[PDB]
Structure formats: C-alpha cells, structure tokens
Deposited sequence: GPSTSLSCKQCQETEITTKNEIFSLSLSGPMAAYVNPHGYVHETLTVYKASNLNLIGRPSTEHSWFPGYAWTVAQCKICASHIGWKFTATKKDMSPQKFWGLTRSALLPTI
C-alpha cells in the first residue's frame, strides 16, 4: 500500500498501518499546550524514526498513553510521537501519532 515519507528528505509508514485509536477517526486535529495544532494520524507501526527524550504523559492526547518525540533518522525533521501504554490492560500497547504536515504525499 501507499508509503508515507518524510516530507523534508525515507518511508515512515504505509496506509495499511492506519487505524483509529479513538472514535475521532484515524486523523484528527489536536492542540498542544502552546497553541500548535497537530493533525495527528495514528498508525500501528512506523519505520526510520529516532526518539528524543523520555516518555511523558503531560498533555497526552490519548489518555493512558505516554508520548516520546519522534524524528526522521535521516534529516532529524520532527515527524510525530511514539505512544506507549502506561498500563498492561490497554490495546494496542504502542502506536505512533504522525503529524500530517511532516509527511508526503499530502493527506
């Protein structure tokens, strides 16, 4: 299926990975604490990403999940976040939220 790639550059995910974590569809707008709006697409798996920092639950858009910033391994452009369950009774235990503007093609 169609690959989604780093816009700046590297395949990051494919459309086959896309799922709806919550009922707001697979991609919705979320607001960060400083007024940046991120159209965040939820995919089960992503490749070619490096993580920055430790996981945090602060202002998590997906309650029960911690986020870790994720960037392109090639150009270091911000791509999204890895989300990791804080409890065992959640499913999935991990996924990625990718910001729409960081990916090509444009969805």
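Which parts of the deposited chain sequence are absent from the coordinates, listed in sequence order? Model skips 1-2, 12-13 of the deposited chain.
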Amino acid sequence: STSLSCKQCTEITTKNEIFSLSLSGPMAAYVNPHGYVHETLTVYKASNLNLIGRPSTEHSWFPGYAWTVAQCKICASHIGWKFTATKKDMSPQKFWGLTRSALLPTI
From here on, numbers count along this sequence of modelled residues.
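Throughout, rigid core stands for the largest set of C-alpha atoms superposing within 1.5 Å between the two forms.
After superposing on the rigid core, which of 32-40 and 55-63 has its C-alpha atoms sitting farther from this form in 5 other deposited structures of this protein? So, of the two stretches, the farther one in 5 other deposited structures of this protein is 32-40.
How do 23-31 and 76-84 compare in 5 other deposited structures of this protein: which one has C-alphas farther from this form after the rigid core is matched? Farther on average in 5 other deposited structures of this protein: 23-31.
According to the deposited model, is the average Cα temperature factor higher in 41-49 or in 56-64? Higher of the two, by average CA B-factor, is 56-64.
What third of the chain does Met90 rank in for C-alpha temperature factor, lowest, middle or highest? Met90: CA B-factor falls in the highest third of its chain.
When the modelled residues of the chain are sorted by Cα temperature factor, does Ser22 land in the lowest, middle or highest third? Answer is highest: the recorded C-alpha B-factor places it there.
Considering every modelled residue of the chain and its Cα B-factor in the PDB entry, is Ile12 in the lowest, middle or highest third? Its C-alpha B-factor, which the entry lists for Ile12, ranks in the middle third among residues of this chain.
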